[PDB]
Amino acid sequence: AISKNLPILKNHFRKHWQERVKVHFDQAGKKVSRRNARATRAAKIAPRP
Amino acid sequence: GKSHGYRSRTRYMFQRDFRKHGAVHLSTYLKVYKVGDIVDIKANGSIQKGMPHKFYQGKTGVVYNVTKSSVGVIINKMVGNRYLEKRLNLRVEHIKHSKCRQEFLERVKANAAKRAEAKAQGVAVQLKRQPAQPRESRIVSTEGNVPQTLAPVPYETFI
Amino acid sequence: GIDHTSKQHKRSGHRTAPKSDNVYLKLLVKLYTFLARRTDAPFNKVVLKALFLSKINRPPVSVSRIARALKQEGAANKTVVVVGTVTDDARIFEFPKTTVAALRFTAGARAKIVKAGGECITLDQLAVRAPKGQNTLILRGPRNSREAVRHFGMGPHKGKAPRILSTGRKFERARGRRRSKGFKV
Amino acid sequence: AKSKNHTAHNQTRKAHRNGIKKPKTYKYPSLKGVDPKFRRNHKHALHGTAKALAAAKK
Amino acid sequence: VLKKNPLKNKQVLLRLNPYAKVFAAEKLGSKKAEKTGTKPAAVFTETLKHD
Amino acid sequence: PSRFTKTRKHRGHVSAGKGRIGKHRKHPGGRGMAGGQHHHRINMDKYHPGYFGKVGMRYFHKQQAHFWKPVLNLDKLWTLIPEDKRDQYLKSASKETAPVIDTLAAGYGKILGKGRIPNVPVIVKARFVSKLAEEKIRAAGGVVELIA
Amino acid sequence: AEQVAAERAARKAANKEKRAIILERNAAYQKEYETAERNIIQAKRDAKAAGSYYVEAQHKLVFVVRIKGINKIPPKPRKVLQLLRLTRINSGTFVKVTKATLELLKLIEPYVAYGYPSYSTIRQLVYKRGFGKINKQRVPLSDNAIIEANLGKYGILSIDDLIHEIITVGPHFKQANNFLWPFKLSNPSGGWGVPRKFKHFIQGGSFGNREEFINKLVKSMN
RNA sequence: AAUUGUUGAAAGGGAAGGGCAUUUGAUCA
RNA sequence: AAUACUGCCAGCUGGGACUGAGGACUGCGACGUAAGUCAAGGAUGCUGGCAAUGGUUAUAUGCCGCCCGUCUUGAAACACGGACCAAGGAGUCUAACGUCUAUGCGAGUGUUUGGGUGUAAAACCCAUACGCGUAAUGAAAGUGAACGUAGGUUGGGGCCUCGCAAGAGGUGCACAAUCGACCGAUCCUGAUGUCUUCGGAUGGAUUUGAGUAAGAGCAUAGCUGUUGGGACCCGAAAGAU
RNA sequence: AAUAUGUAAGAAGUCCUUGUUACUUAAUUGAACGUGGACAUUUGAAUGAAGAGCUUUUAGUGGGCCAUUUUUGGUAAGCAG
RNA sequence: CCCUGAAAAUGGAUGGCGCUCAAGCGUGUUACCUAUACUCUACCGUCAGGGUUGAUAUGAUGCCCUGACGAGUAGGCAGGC
Numbered sequence: 002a003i004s005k006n007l008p009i010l011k012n013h014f015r016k017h018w019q020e021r022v023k024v025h026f027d028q029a030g031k032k033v034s035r036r037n038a039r040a041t042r043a044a045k046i047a048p049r050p
Numbered sequence: 002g003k004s005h006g007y008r009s010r011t012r013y014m015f016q017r018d019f020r021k022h023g024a025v026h027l028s029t030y031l032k033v034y035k036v037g038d039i040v041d042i043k044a045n046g047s048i049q050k051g052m053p054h055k056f057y058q059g060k061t062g063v064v065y066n067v068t069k070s071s072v073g074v075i076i077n078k079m080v081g082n083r084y085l086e087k088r089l090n091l092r093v094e095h096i097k098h099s100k101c102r103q104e105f106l107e108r109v110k111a112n113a114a115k116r117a118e119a120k121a122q123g124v125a126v127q128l129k130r131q132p133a134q135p136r137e138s139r140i141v142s143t144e145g146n147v148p149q150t151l152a153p154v155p156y157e158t159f160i
Numbered sequence: 002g003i004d005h006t007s008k009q010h011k012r013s014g015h016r017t018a019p020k021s022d023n024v025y026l027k028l029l030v031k032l033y034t035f036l037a038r039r040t041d042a043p044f045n046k047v048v049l050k051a052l053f054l055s056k057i058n059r060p061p062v063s064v065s066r067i068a069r070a071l072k073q074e075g076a077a078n079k080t081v082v083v084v085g086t087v088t089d090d091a092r093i094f095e096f097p098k099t100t101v102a103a104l105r106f107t108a109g110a111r112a113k114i115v116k117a118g119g120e121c122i123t124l125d126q127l128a129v130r131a132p133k134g135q136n137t138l139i140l141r142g143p144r145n146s147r148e149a150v151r152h153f154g155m156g157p158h159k160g161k162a163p164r165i166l167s168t169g170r171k172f173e174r175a176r177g178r179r180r181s182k183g184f185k186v
Numbered sequence: 002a003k004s005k006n007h008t009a010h011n012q013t014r015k016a017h018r019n020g021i022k023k024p025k026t027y028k029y030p031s032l033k034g035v036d037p038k039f040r041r042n043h044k045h046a047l048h049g050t051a052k053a054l055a056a057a058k059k
Numbered sequence: 312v313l314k315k316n317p318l319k320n321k322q323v324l325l326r327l328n329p330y331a332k333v334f335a336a337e338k339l340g341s342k343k344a345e346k347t348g349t350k351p352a353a354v355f356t357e358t359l360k361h362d
Numbered sequence: 002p003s004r005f006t007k008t009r010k011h012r013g014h015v016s017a018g019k020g021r022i023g024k025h026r027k028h029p030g031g032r033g034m035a036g037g038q039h040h041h042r043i044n045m046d047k048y049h050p051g052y053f054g055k056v057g058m059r060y061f062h063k064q065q066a067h068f069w070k071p072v073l074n075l076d077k078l079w080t081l082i083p084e085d086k087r088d089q090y091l092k093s094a095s096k097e098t099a100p101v102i103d104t105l106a107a108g109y110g111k112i113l114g115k116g117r118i119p120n121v122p123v124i125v126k127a128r129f130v131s132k133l134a135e136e137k138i139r140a141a142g143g144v145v146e147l148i149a
Numbered sequence: 023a024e025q026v027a028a029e030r031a032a033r034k035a036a037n038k039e040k041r042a043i044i045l046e047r048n049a050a051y052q053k054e055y056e057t058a059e060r061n062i063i064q065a066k067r068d069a070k071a072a073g074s075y076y077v078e079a080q081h082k083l084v085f086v087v088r089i090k091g092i093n094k095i096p097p098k099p100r101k102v103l104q105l106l107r108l109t110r111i112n113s114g115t116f117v118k119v120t121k122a123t124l125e126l127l128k129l130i131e132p133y134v135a136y137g138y139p140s141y142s143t144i145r146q147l148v149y150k151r152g153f154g155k156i157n158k159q160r161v162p163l164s165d166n167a168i169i170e171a172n173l174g175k176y177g178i179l180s181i182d183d184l185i186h187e188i189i190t191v192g193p194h195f196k197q198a199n200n201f202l203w204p205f206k207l208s209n210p211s212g213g214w215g216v217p218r219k220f221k222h223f224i225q226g227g228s229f230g231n232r233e234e235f236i237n238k239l240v241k242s243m244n
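Chains as they are written, first to last, in full-length UniProt numbering: chain S, 2 to 50; chain B, 2 to 160; chain E, 2 to 186; chain P, 2 to 59; chain D, 312 to 362; chain R, 2 to 149; chain V, 23 to 244.
In structure tokens, the structure reads:
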């Protein structure tokens, strides 16, 4: 539990954190979807910026 | 329980010699102590101020500090698997000079004197000491010293 | 059997050949091994031994440090040799002309030397010019100046940088560091 | 369930495996525990002789 | 590659000690001493058998 | 990783590198930081002094914006000026035309005196200045301008 | 490139000169040995004849061999053995006799047998099991060149010179003994001659001082 | 594979199994 | 005189067993006046038999040999589990880290929060911010590191000069101790001036810091160790909904 | 008494001259640090040393027993200490 | 030396067979047998001290020379299937 000359660490993992792990595996997919939505909105809203 | 104090088991150690009680002779206070001098530690029972501990009784150490009436001694104490230095301040009374160092200065002076005189001509100074070499050959003469025959004595039951 | 007075089959404790897989570094190590083996100058042996040093054992040498070393009497016309990396210092303003040979040169330091009037050569060129290390001066950076060595040898009455993550108040400043809350260290 | 209390066996061998080392001595020893007046006057004398040496030999 | 023992190989013995040839030629290993004769004193003679 | 992990070499050994007299049981000293004044007090006093107790007063709702005072020493004062003109302003040491440094724009709110800046005129603008830095700058020939 | 013959001839000339010096020195040493032995014999004769007794000088050199294993040894005798270079059983070293060496031998007497060696056994030991210490290595001594190279600073340049330094303690006896590796002898060919080795010589064993009787044991073991 | 039946080979005075070396039987470049 | 005993022979010689390593020469020696030879830094010559020796396994013989794994000072025990075989089976992963090592940049460092582009979860490019370091000390207000060639001295690899060599002189990076200088806190003394109570120049400390004294740091990966998580695997008598 | 145990057996040394101090002394009288200068065969007892010194990390360990000698409790114990 | 003192329970222990100017007892002297012990040699591994870019010729983490050593639970490191 307590050992040789090591720093003191405050790890906040004592509740059921395993049920609330959010891993962003869809970074590239979300970026592609955002770009497609931007293109669709640009087409829809006319030459307006 | 158990008792391990500052003066435990020193009944025969912190005790004055037979027929040597009373005050201390006025010679210790007249000794001049300087930094680097090697001195021995011997506790005196009459004075109970600045007394050394049981371990530092009989130990030999160098002087590193000079005070009004006290000197500092550095003693190497063996704790565990190492020697640690200990700087302890003791009164002049419980400290005496060491004659081994004085013999060393005397040997050094004779050493330099011989190095001067012998090397004035430059032949076999031999400045180094030697141990007890085996005895050389000798001749004994039996002129009035005829060897006397000796035999074991019979067992006796003297009371 | 033998009543051994020392450990049997014990290693020398020194690093032979670099632990890295840098092909150019191995080539330089081979060249300096050849030099130190077929010459008599201790400079080659010292350089070969320093070539095996690790990153922590090979601290960077600053141009200000090089100038300070060359400011010594008779060291103006000498070839600086750094077994490692030479960094650039912006706290200095006047850099004298010199000749520094090192493994890797920082871009800023190289520009500073070029502007001053010196040149940046490698260890191979240094060996070619001076096979016996004539008129050379070896420079080593500060090894004990790292932040990881302050925490070494921590103990009471030592003050040896206790291993901490955060700094400020109520972070290892309570009892054990002040006389008002018990003892001081 | 009693147990052995204290014993000094093998302690000497344990301490002698790593040979007992005398403290490392240096030409200039530590100046702690020395008389403060002597230390102050030594500092003043050292500054004086350093200045004298610098003025004499350059 | 191999250690040859002196006192058994004459070539190695002569190589180690050039004086070995002279020693063998002069037969110094069997030298007759001077035929001198001295008589012990009567004191020692009597002390030898004094019981 | 797994191939270089010592468990593969430990395969075969009964205790797997954990000993025989004392097995690799659950937490024997407690969970987390169990014990700091009873049984781990020795380590907590000889390696991490100051863990137990309060030191100062309380500053409720401490915003780390009022204390934003980045420091910049005197030696690293000419580095803010671009290199292309740094040499020109170094050789042009005149009081009528001197380089001007905006330390606030550079991100430094305080200037400290250390570095022995060259004796050239210069203008420095900062929120806060130190006595030694100001004295050194004025001795060199520059002036310190107080900005907000 | 034809100078190989010239260097060969120069090397031969130098070797012949060196051999001449070696032969002269060996002859001088042999003459000194014969003169000393005869002088001691006649001195004893005159002392006997003149109604006196001749007290021979105590021997200045001893040979010490280890007759005990490396198990069940007290730490102080073990340290003394290591300082005396006796770490293997049946290992022997030469020791100059002084007060310090005598008190050293008195401590590890139970595990060693020591005695006064003779010239013949010293020469046999050096010839057969004579090994030097060069670069912390046990290089065998089969030529005077190695001995001269590693001991020429002390005036010793041949195996006969080394033997002379061993038998007669001189200014460089310490270096001469340190250059020689301890002699690793075998078990005696004719046996130890006693039923129990770990008893004193007066008590009927190999333990203890054997004086001149050590020569027979050393030659049997060598 | 555990287990079982035949054929072919070997051994078997209150166990079998193994190691150190060889004879004999079978087989092998 | 001889003989017994001990020690020496660089005196000779008879018999038997094990070993044949190294692979054109290099060296040390001897014989031979000289050619040349040799038992001289590791064995060759001749001859005979076969084209059986030897490898694996079973039995037999002489000797030795208690049952695998765990607990234990002590195991084979009358201590514990095992009738056998086949399939599965036990220090893994995440977040923050410590020492070491490797790479890249370097007083800077880290693209991938995001945007552009894209052969489309691949790869390439990028502006401002942000994490750590470059300054620390005090509870805080606050203050904030060159009298000097960034100090003196010792030890100190390397380099330079003299010196046949060995040795002598100078400079001496890194690093060890000590004495000094400066910065923060504490205890003090108190220069001009003055919103008479503000201001803190200069001179000190047996005081004290996780400081300065020509920066060394940041990112990723790798071994080992700790913490939290189910945490090397399996096992309770219990409690709550 | 024996055993056990500390220190010294030199270049970090000795000696000659004289620079500093806010220490001290009636006082250039002592102390410390010094500069310059003199003493390398045999650098100051013997022996030895697969070299010595220094730093970081961490596995396992925290139930012992037996043998000679000294010796406690117990009559003794393959008893405990 | 031997004898009485001297009596415990399955049938058994100088190991037994057995031994009597002993093969029992004390002491004195030779020869004989053996440990993974000692000396030499052959091979393997480790460590240390070195040589070898003057090549076509590669593996200077390669090749070669010399010396020393090789036990082991928990445990650590390294090289390999």
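All residues carry an ideal CB built from backbone N, CA and C; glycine is no exception.
P:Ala51 and P:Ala16 have their alpha carbons spaced roughly 46 Å apart.
Within the model, the alpha-carbon separation for R:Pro122 versus R:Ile138 is close to 8 Å.
S:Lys5 is classed as exposed because its beta carbon has fewer than 16 other beta carbons within 10 Å across all chains shown.
The beta-carbon of V:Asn157 is placed no less than 9 Å from the nearest beta-carbon of chain D. The stretch 63-74 of chain E and the stretch 88-96 of chain E touch, with no fewer than 3 CB-CB distances between them shorter than 8 Å. Comparing alpha-carbon positions, the option among R:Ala141, R:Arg4 and R:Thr104 lying closest to R:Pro119 turns out to be R:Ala141. In this structure, the straight-line span from the alpha carbon of B:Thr29 to that of P:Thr8 is close to 43 Å.
Note on geometry: alpha-carbon atoms of B:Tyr7 and B:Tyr57 lie some 12 Å from one another. Listed in chain order, the alpha helix (DSSP H) runs fully inside the stretch 117-184 of chain V are 121-129, 141-151 and 166-173, counting runs of at least 4 residues.
Nearest C-alpha to B:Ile42 among B:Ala125, B:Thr68, B:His54 and B:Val36: B:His54. Under DSSP, V:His222 forms a beta bridge with V:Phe229. With fewer than 16 other Cβ atoms from the protein chains shown falling within 10 Å of its own Cβ, E:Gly156 counts as exposed.
For V:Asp68, the enclosing alpha helix (DSSP H) has its first and last residue at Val26 to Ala71. Within chain V, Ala71, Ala72 and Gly73 have C-beta atoms less than 7 Å from the C-beta of D:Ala352, given in sequence order. Cβ neighbours of B:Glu86 within its own chain (closer than 7 Å, five residues either side excluded): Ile75 and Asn77.
Following the DSSP letters along the chain, one finds E:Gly109 inside the alpha helix (DSSP H) bounded by residues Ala108 to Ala117. Under the three-state reduction of DSSP output, B:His5 falls in the coil class, being neither helix nor strand. Counting of Cβ neighbours within 10 angstroms places R:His49 among the buried residues, the total reaching 16 or more. Below the 8 Å Cβ cutoff, chain R contributes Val56 and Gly57 as neighbours of E:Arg170, in chain order. Beta-bridge pairing by DSSP links S:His25 to no other residue. Looking at the DSSP output, B:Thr68 shares a beta bridge with B:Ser71. Neighbours of R:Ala35 in chain S, taken as residues whose beta carbon is under 9 Å from its own, are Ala2 and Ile3 in chain order.
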